[PDB]
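So that the names make sense, note that chain A is the first sequence line, chain B the second, and so on, each numbered from 1. Start at 1 and go down the list; that is how both ligands and their atoms are numbered.
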Amino acid sequence: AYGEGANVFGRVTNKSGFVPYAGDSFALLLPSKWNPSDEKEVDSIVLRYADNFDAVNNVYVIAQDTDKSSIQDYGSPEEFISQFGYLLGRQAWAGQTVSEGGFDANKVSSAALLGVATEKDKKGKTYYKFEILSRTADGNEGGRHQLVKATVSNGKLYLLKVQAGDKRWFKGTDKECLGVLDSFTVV
Amino acid sequence: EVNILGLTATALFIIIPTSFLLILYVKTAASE
Amino acid sequence: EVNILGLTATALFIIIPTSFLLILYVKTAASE
Amino acid sequence: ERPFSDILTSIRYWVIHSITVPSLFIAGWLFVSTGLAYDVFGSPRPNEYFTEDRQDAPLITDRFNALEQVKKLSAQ
Amino acid sequence: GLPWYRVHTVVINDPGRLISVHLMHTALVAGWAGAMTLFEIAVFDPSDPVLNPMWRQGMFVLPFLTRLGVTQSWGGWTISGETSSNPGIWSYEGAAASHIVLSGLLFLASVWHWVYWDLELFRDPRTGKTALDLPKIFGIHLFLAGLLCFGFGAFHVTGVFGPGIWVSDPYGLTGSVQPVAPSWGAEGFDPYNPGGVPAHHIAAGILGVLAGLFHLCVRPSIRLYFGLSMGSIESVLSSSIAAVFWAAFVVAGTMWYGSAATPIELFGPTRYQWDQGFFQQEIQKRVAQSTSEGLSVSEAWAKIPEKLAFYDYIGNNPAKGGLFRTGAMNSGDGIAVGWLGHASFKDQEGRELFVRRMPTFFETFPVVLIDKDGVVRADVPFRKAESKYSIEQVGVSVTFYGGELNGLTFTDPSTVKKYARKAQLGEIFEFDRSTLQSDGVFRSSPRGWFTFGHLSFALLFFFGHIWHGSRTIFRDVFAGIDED
Amino acid sequence: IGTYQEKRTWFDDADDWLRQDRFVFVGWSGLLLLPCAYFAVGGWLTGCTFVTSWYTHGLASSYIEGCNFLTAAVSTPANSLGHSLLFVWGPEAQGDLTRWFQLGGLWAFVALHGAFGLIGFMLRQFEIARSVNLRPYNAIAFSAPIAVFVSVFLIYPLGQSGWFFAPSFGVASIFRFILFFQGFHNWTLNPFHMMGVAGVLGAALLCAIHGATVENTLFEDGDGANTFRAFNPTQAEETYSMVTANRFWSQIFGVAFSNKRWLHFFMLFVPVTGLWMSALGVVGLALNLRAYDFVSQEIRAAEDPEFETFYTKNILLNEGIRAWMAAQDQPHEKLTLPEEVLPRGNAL
Amino acid sequence: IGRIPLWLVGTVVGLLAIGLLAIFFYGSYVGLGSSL
Amino acid sequence: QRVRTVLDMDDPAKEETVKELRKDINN
Amino acid sequence: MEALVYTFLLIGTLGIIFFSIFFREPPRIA
Amino acid sequence: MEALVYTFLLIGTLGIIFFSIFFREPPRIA
Amino acid sequence: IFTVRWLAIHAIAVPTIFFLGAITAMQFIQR
Amino acid sequence: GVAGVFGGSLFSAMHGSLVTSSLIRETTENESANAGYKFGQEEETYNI
Amino acid sequence: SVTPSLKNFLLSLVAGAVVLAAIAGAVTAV
Ligand code: CLA
Ligand code: CLA
Ligand code: CLA
Ligand code: CLA
Ligand SMILES: C=Cc1c(C)c2cc3nc(c4c5[nH]c(cc6nc(cc1[nH]2)C(C)=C6CC)c(C)c5C(=O)[C@@H]4C(=O)OC)[C@@H](CCC(=O)OC/C=C(\C)CCC[C@H](C)CCC[C@H](C)CCCC(C)C)[C@@H]3C
Ligand SMILES: CC(C)=CCC/C(C)=C/CC/C(C)=C/CC/C(C)=C/CC/C(C)=C/CC/C(C)=C/CC/C(C)=C/CC/C(C)=C/CC/C(C)=C/CC1=CC(=O)C(C)=C(C)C1=O
Ligand SMILES: CCCCCCCCCCCCCCCC(=O)OC[C@H](COP(=O)(O)OC[C@@H](O)CO)OC(=O)CCCCCCCCCCCCCCC
Ligand SMILES: CC1=C(/C=C/C(C)=C/C=C/C(C)=C/C=C/C=C(C)/C=C/C=C(C)/C=C/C2=C(C)CCCC2(C)C)C(C)(C)CCC1
Ligand SMILES: CC1=C(/C=C/C(C)=C\C=C/C(C)=C/C=C/C=C(C)/C=C/C=C(C)/C=C/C2=C(C)CCCC2(C)C)C(C)(C)CCC1
Ligand SMILES: [Fe+2]
Ligand code: NA
């Protein structure tokens, strides 16, 4: 390799904890600690990054070819997230249970909506923003926080989805999850 | 597939009295 | 029931060396 | 017999050790600071861990062409 | 008196009773060989040579008998599936009975040498005291060993007088005892070349005969005699033990890694064959060659032999059993009775998934089904409440293309998950677990048991050699220096 | 030798030079032990300082990358390299040193030189014991560390897929190896390992008890308050009261030593026997012949949803070690397992 | 012989070793390996 | 026949295959 | 039996150590 | 085994009678 | 001098001082 | 603590080896070398 | 023919002989 001197009295080149990523008509600041992973749950996923510590803390974007011109044409944002109640993962258990505690009858998972927004960045196209607390009957990570930023630019729906366990969310991964959320800009 | 209970019975019935008699004969012949 | 193979192995591993050591101790203590 | 007590007390030891020990320390310092440790022992620099093609942990996955492959996926 | 750990030292300066105790040990070993062979013949089931071979039945000395030529028994059967021709005197039971008769004769010779120990042959004519000319004894023994090595390599294994040795297919499909032509080139040092064994034994026998003649004719030097204590039997004990565990380490290594002297059809497959996908790669190559030229699926897979699919199965892995999982491999997970076929899995829209095979390190492994490209597409999840990978929502179907299941496609129930879990172990096989009341946990191969016993014995004999070399170099201080 | 003329050769002069009292003894064994041991320790200190592990393991294990003394290590080669001896001139490195460091060849260098250094050291013990005319019980005792080293760093990786599963020379590397044996082999459940643990704990107990007993039966031998200067090597009397020690331990423990011969032979015997049993156990683990399970317990718990033992808890813990450790432990296996198929308890 | 006191030499070497260990412990909080 | 397909055929089930570990420089 | 063998072995070991404590050979030479 | 045990017992009896015939104690007092 | 004591002592001492200087240099290396 | 038990086994082996090795002849290849003198003398054996 | 691995191994044998000769020279010196 080429010979160059070591870094002495040369300061540090990265402290923000966020590295830019430019993709197919989208750009976002990924967490610097996180690393890429080739695990496509939904086939529409084009980019996926996950935490090296705990892979529940993960982020991915989907590039779904769509018909509706603008995100407002998907109706109310509630109507939009009702359509997207499939990328949360349906329960693989079908047995009867009234013993979960704090859940509906025969159910072992629940999702609570905590945010509904129509944020804008630079052009005028609106961004549907959502926060969802997903509580599973086992209580893993104390629940999972799903932050969704969705829009369509040309003819493809671009939906950010960062995941964070409630255990890590209370520790302080909220800053990085919200940083990815605000840095997802579709250009 | 081997009658090992009978094998154990035959082997023990051979080993224990033969060893007992051999030990008695050895201790008798050692001290005349 | 009953693991007769394990029973035979444990019983033999107890009986044979204990009897061998006891016979050695008896013949040692008999002739000082 | 020099039982290691008289030599450490004598100044003849420290006259020739006021140059050799600091020179070795400076030599190690320059060996690190010039990148020669990276060049000799093949350790990557902090900016030379992930190439544009692969962004994950490298894998050798070959034996008889390991030299050629490690030259391929090293930091050029 | 003597301590219990010293009672065998009474025959150090007694060559006749040393010969007696060597004869006693030799009689015990030969009697064990005969009795072990008869036990394995009594518990052996020769009905299915393909799907229930000897290494699946816990056979230990039968592969070693087979490797050098005996194949048929007095019962009229042969391990190759052929019905027996005339076995002569040298069948399995005949060799066992010969070992038993040899054991009795050696017992009688041991008794004679115990009683008649004060033979003038063991007495030095020059001084009158008891002594052994150990360099000359070594020369005689090396000459005899070289003669035996040369005879075994030039007459037995080459087939000019003997039967030969076991030569098999590279994938262990067809194998038999055949004469072997020696390989005198560099290929003769190929461990998997069967020709390197006659060439080795011929050359080593010639060289051993030459070295035995040299030791018969030439006396050692005084410096080397005093340095190695050649007048002492404890020094040759240490050196012999050293050579013995060297050979034990060598045989354990060749046992574990496989060789031409370690046939797959006799000792089972290899853990490196499982890890490196030997049988799996050959099966896939055969299926691809049949599918690319003519024969379609479900009939190309029928061309796959039953033995090869049995080799491609982690239950035949020697590195999968346990230390106290005792007995035959059949007693572990049943006697194999048939090959259900190749479990092929498809998605709901249609693409072939593959169950990730279990490595040897894992007592248990997660059941995942991943794509041709290398991306996880389905699994049998633990949590069963998340993502898009559970079987019941991916919608994979298993088709099967083999013997009992040739066109039976299962898509809806948990039988798909069960077949995926069975497919992570390799080729799915039908097992009978009621004949031997089988356990369920995998057992070890005779190859693994041989390797474990010999490596443990090799380290124990390393300690024994170190102790004996200590004792023979330090004889003056182990006995006494008398205040000086 | 033996009342002979014995005209001198080069060997007599070489033996006379090598067998001399110096600052450090050399001997014939020093022709092997000194270079092999120096190269082993120097290679370990060099690999812990400069040689990376990014190529072979995909991790940082050196001081030039940000690792501590407890963290940096000389890492094993990649599993795809198998049991290759990894010579510099070999087909892998092909005479290229800076890639030989990157290919994990330093581990093979350090391991082979350490093995030959152990051989040379116990040869040196033999040579010094022969020079001073003493029995080589030190060599007999040192046979057990050599056995442990051989079975752990040679026999186990030769039984496994390759040198990759050998212990990397370090601290956190050894901790990884230990946790790997817990999760994959159930090494605590192995009776040979139990014998080794008993041997080491009993040897430490024997050392502490013998030292305390001798220091507490030291006799007067002087007038000062410091008993250490009360000792004289010239005198022919024992420095401590064996009768008093025997009576004390007979009335405290029930049994006591009456022979210094037997006491010190027991002190030699216990750790050597323990380490040899542990070496035999690691040899058993080299072929995955592990005492992992209890069949009766597992069948009982399979047919009974109520039956639980600490052994079943340990089995469940081993499953989690394997599942959550394999993906980042074995990069050759390419285990991209999703988080849902990995086992979890409740809420953690 | 006896020009510089042995206790003074050992004391100076002790301060140098303590200072080197202090640099080593300080480097665990800055630069590489500082987790930041 | 298809050495590229059979290499990818054995790619998902087992990553330790000889056919994969040899000539992996070109891939 | 399963637990009976374990109990027998444990009480045999306890009896051995009891005999070693109380019915030992009296110590001689120091 | 089945026939091996019978053969072992028969040859053991034959060896015992052979030893009784040949290696007996010498007949003292008449 | 250059005896066995000198050779052993310096073969231990020289690379240790070189490596200690190297490590002290690496203490101030920042990413 | 790990270094302590490992070093305890090390030092126990070293002490046992050094005291079991440093002897003058008082026990022969038999049970004892009492031919010089039987039990009942204070002439000590051993070496340090 | 002579494979490069064989040529490198023969060069390694020569190098090992050189190292052994150097060690012998060093111990004949001093
Ligand atoms: C190194 C020689 C060797 C090897 C490699 C084998 C290998 C094998 N034998 Mg074999 N055997 C041998 C010598 C050997 N044997 C000898 C010398 C005898 C005469 C006693 C036998 C008699 C024999 C019989 C009767 C049988 C076998 C069987 C088997 C197969 C089943 C696995 C097994 O052994 O169970 C497990 C092995 C172990 C658990 C090893 C024990 C581990 C250590 C040494 C135990 C420690 C001892 C401990 C201190 C004692 C305390 C225990 C006490 C409480 C009971 C296997 C391939 C079986 C078979 O398949 O039928 C053909 C069968 O039934 N063998
Ligand atoms: C007339 C003599 C004779 C014959 C023809 C046989 C024949 C046989 N025996 Mg056998 N045996 C004999 C005597 C004999 N034995 C005696 C006297 C004993 C008591 C010690 C034994 C104990 C014995 C056992 C325990 C076993 C057999 C077994 C067998 C069968 C397979 C042998 C095999 O493949 O193993 C391979 C043989 C070897 C690997 C020997 C290799 C010799 C080493 C490599 C020598 C190396 C050191 C040498 C000194 C170096 C020389 C230097 C060189 C330059 C010349 C076979 C039918 C096996 C069997 O299946 O049971 C029936 C079995 O396990 N025998
Ligand atoms: C072919 C190899 C071989 C041979 C010929 C000998 C021969 C001898 N050894 Mg030795 N030894 C060996 C290997 C061998 N050893 C190994 C491998 C080890 C390491 C474990 C040792 C460790 C050893 C020690 C520590 C000592 C000897 C001693 C002795 C001498 C007599 C003591 C004696 O045996 O009394 C009788 C022995 C017993 C009654 C042992 C009881 C039976 C044991 C516990 C179980 C036997 C297992 C089973 C029945 C046999 C299967 C084993 C086989 C498959 C290998 C004698 C000349 C002693 C000595 O130096 O002389 C003063 C001594 O103290 N040996
Ligand atoms: C003198 C002590 C000594 C010893 C015992 C070793 C031992 C070892 N070294 Mg090492 N080495 C040493 C010194 C030593 N080294 C020195 C001083 C250096 C610095 C130059 C090295 C640098 C070094 C490197 C870089 C490597 C080793 C490696 C090895 C290992 C394998 C070597 C091998 O396979 O080739 C075998 C060597 C021989 C068989 C010796 C050849 C003897 C010849 C045939 C004698 C013939 C001459 C003949 C008498 C000439 C007259 C005949 C003529 C007139 C016709 C091995 C255990 C390798 C390793 O660590 O593995 C990963 C490796 O990579 N060494
Ligand atoms: C982790 C435990 C452990 C260590 C570190 C250790 C260390 C040592 N034991 C010695 C002796 C002994 N130890 C003994 C019994 C025991 N030793 C034990 C456990 C240990 N013993 C146990 C449990 C026993 C009881 C059986 C005896 C009986 C002796 C001695 O007589 C001997 C001595 O004289 O003590 C002063 C010393 C001389 C060795 C030497 O120079 O070899 C020369 C060879 C060398 C230096 C090359 C080997 C290099 C090694 C094997 C591979 C490379 C490793 C790197 C250099 C370092 C890696 C470090 C990381 C793993 C952290 C050495 C300090
Ligand atoms: C219902 C019941 C009973 C429940 C219990 C169930 C249960 C848990 C069972 C326990 C199972 C059990 C027994 C486990 C042990 C199994 C196991 C691991 C066995 C290891 C076997 C083995 C062969 C190991 C090989 C290694 C080996 C040889 C170890 C031996 C260890 C050992 C005996 C150490 C010595 C211990 C000891 C107390 C030393 C005595 C020290 C002492 C009193 C010195 C006295 C003394 C000191 C002086 O200095 C002087 C001067 C004098 C004069 C003097 O006198
Ligand atoms: C209230 C008192 C509390 C203590 C009571 C408990 C102490 C138990 C006594 C120790 C065991 C006796 C050892 C017999 C062996 C015996 O009596 O040998 C006798 C021996 C005495 O040896 P000598 O000095 O006489 O040796 C010279 C001889 O060769 C010549 O006679 O004792 C010792 O070796 C020293 C002590 C070792 C004791 C080792 C402890 C072993 C632990 C046992 C654990 C059992 C398993 C757990 C139970 C399931
Ligand atoms: C006299 C005579 C005879 C013969 C007889 C017989 C029949 C014999 C035999 C014999 C036999 C039939 C033998 C066998 C045997 C056996 C053995 C010898 C064994 C063993 C053992 C061991 C060695 C073990 C070990 C071990 C243990 C301890 C446990 C388990 C594991 C192990 C392995 C470790 C006749 C009449 C013919 C004729 C001539 C004369
Ligand atoms: C690699 C290699 C080699 C080898 C080399 C050598 C052999 C050398 C060396 C070296 C060395 C040898 C180095 C070193 C290092 C060291 C160090 C780095 C140290 C330290 C640190 C510390 C931290 C310390 C501390 C302390 C202690 C603990 C003790 C006392 C006190 C004090 C404080 C000082 C060669 C080239 C041949 C080639 C092949 C490979
Ligand atoms: Fe003492
Ligand atoms: Na839980």
Side-chain angles (χ1 to χ4, degrees), chain A residues 138-140, chain D residues 28 40-41, chain F residues 32-51 63 69-70 72-74 88 97 100-101 105-107 109-122 124-125 128 137-150 152-153 167-174 177 196 199-200 203-204 268-276 278 344-348, chain G residues 13-14 16-18 20-21 23-24, chain K residues 11-24, chain L residues 2-3 5-18:
Chain A
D138 60 349
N140 207 56
Chain D
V40 162
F41 298 99
Chain F
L32 169 76
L33 160 68
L34 295 181
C36 283
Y38 186 73
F39 285 158
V41 191
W44 176 77
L45 282 152
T46 317
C48 282
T49 318
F50 303 113
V51 180
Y63 295 154
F69 157 71
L70 316 167
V74 181
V88 176
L97 190 81
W100 178 71
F101 284 132
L106 194 46
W107 191 93
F109 176 87
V110 168
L112 293 190
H113 282 68
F116 275 91
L118 287 195
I119 293 171
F121 192 82
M122 183 177 72
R124 184 177 178 179
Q125 278 170 343
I128 299 171
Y137 283 117
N138 222 34
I140 296 151
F142 197 66
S143 62
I146 297 169
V148 161
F149 181 81
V150 161
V152 163
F153 290 86
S168 305
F169 289 108
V171 181
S173 280
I174 291 291
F177 179 76
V200 169
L268 188 153
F269 182 88
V270 174
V272 177
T273 310
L275 263 71
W276 270 100
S278 68
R344 289 182 174 93
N346 286 124
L348 263 61
Chain G
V13 169
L16 294 174
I18 285 166
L20 208 75
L21 195 62
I23 301 299
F24 287 177
Chain K
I12 301 299
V14 161
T16 43
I17 295 298
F18 188 87
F19 273 51
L20 279 180
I23 289 172
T24 308
Chain L
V2 167
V5 285
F6 278 164
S9 305
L10 191 150
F11 296 148
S12 180
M14 294 299 291
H15 195 62
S17 299
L18 294 174

Legend entry - Other residues, nucleotides, ligands: >12 heavy atoms within 6.0 Å of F269(F) CZ: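 Open: at most 12 neighbouring heavy atoms sit under 6.0 Å from CZ of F269(F).
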Counting only heavy atoms, which portion of [X] has something under 4.0 Å from ligand 5: side chain, backbone, both, or neither?
X: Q125(F); answer: side chain
X: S9(L); answer: both
X: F153(F); answer: neither

Give the atoms of ligand 9, by number and element, whose distance to some non-hydrogen atom of [X] is under 4.0 Å.
X: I23(K); result: 18 (C)
X: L20(K); result: 20 (C), 21 (C)
X: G42(F); result: 6 (C), 7 (C), 8 (C), 9 (C), 10 (C)

Look up atom [atom1] in [X] and atom [atom2] in [Y], then write down how far apart they are to the nearest 0.5 Å.
X: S17(L); Y: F11(L); atom1: OG; atom2: CZ; value: 13.0 Å
X: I146(F); Y: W276(F); atom1: CD1; atom2: CH2; value: 8.5 Å
X: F121(F); Y: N138(F); atom1: CZ; atom2: CG; value: 7.5 Å
X: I119(F); Y: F149(F); atom1: CD1; atom2: CZ; value: 9.5 Å
X: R124(F); Y: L118(F); atom1: CZ; atom2: CG; value: 13.5 Å

Inset, instruction - Could you label the plane-to-plane angle of the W44(F) and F69(F) rings as parallel, tilted or perpendicular, counting under 30° as parallel and over 60° as perpendicular? - result: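 Ring orientation of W44(F) relative to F69(F): perpendicular.
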Could you tell me, atom by atom, which parts of ligand 5 come under 4.0 Å of a heavy atom of [X]?
X: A37(F); value: 44 (C), 45 (C), 46 (C), 47 (C)
X: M14(L); value: 27 (C), 28 (C), 29 (C), 30 (C), 31 (O)
X: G117(F); value: 44 (C)

Hey, is [atom] touched by any protein heavy atom at less than 4.0 Å?
atom: atom 63 (C) of ligand 5; value: no
atom: atom 11 (C) of ligand 5; value: yes
atom: atom 18 (C) of ligand 9; value: yes
atom: atom 28 (C) of ligand 9; value: no
atom: atom 5 (C) of ligand 5; value: no
atom: atom 37 (C) of ligand 5; value: no
atom: atom 31 (C) of ligand 9; value: no
atom: atom 35 (C) of ligand 9; value: no
atom: atom 38 (C) of ligand 9; value: no

Relative to [atom], which among [options] owns the nearest non-hydrogen atom?
atom: atom 40 (C) of ligand 5; options: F121(F), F169(F), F149(F); answer: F121(F)
atom: atom 24 (C) of ligand 5; options: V200(F), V74(F), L10(L), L18(L); answer: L10(L)
atom: atom 53 (C) of ligand 5; options: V110(F), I174(F), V148(F), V41(F); answer: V110(F)
atom: atom 12 (C) of ligand 9; options: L45(F), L106(F), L97(F), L21(G); answer: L45(F)
atom: atom 25 (C) of ligand 5; options: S17(L), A139(F), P271(F); answer: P271(F)
atom: atom 27 (C) of ligand 5; options: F6(L), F142(F), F116(F); answer: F142(F)
atom: atom 4 (C) of ligand 9; options: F39(F), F19(K), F101(F); answer: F39(F)

Please check: side-chain N/O of [X] versus main-chain N/O of [Y], any donor-acceptor pairing under 3.5 Å?
X: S12(L); Y: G8(L); result: no
X: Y137(F); Y: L268(F); result: no
X: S9(L); Y: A203(F); result: no
X: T24(K); Y: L20(K); result: yes

Looking only at heavy atoms, which two atoms of [X] and [Y] are closest? And how far apart?
X: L275(F); Y: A144(F); answer: CB-CB, 3.8 Å
X: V148(F); Y: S278(F); answer: CG2-OG, 4.0 Å
X: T49(F); Y: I23(K); answer: CG2-CG1, 4.1 Å
X: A72(F); Y: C48(F); answer: CB-O, 3.3 Å
X: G117(F); Y: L33(F); answer: O-CD1, 3.2 Å
X: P167(F); Y: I174(F); answer: CB-CD1, 3.7 Å

Inset, instruction - Heavy-atom distances under 4.0 Å are what count here, so tell me which part of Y38(F) touches ligand 9: side chain, backbone, both or neither. - result: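 Within the 4.0 Å criterion, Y38(F) contacts ligand 9 through backbone and side-chain atoms alike.
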Inset, instruction - Just let me know how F69(F) lines up against ligand 9, side chain, backbone, both or neither, with a heavy-atom cut-off below 4.0 Å. - result: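 No part of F69(F) is near ligand 9 at this cut-off.
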Quick one: nearest non-hydrogen protein atom to [atom], plus distance?
atom: atom 60 (C) of ligand 5; value: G170(F) O, 3.6 Å
atom: atom 2 (C) of ligand 9; value: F109(F) CE2, 4.3 Å
atom: atom 49 (C) of ligand 5; value: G114(F) CA, 3.7 Å
atom: atom 1 (C) of ligand 9; value: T46(F) OG1, 3.5 Å
atom: atom 11 (C) of ligand 9; value: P15(K) CB, 3.7 Å
atom: atom 16 (C) of ligand 5; value: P145(F) CG, 3.6 Å
atom: atom 23 (C) of ligand 9; value: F24(G) CE1, 3.7 Å
atom: atom 26 (C) of ligand 5; value: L275(F) CD2, 3.7 Å
atom: atom 33 (C) of ligand 9; value: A17(G) CB, 4.3 Å

Inset, instruction - From the options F101(F), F109(F), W100(F), select the one residue that forms a side chain to side chain contact (heavy atoms under 4.5 Å, CB included) with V88(F). - result: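 Going through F101(F), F109(F), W100(F) one by one, the side chain to side chain contact (heavy atoms under 4.5 Å, CB included) with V88(F) is satisfied by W100(F) alone.
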Legend entry - Under 3.5 Å: N/O of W44(F) near N/O of ligand 5: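 No, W44(F) has no N/O under 3.5 Å of an N/O on ligand 5.
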Inset, instruction - Run the contact test for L33(F) against ligand 5 with a 4.0 Å cut-off on heavy atoms, strictly below, and give the result. - result: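 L33(F): in contact with ligand 5 (<4.0 Å).
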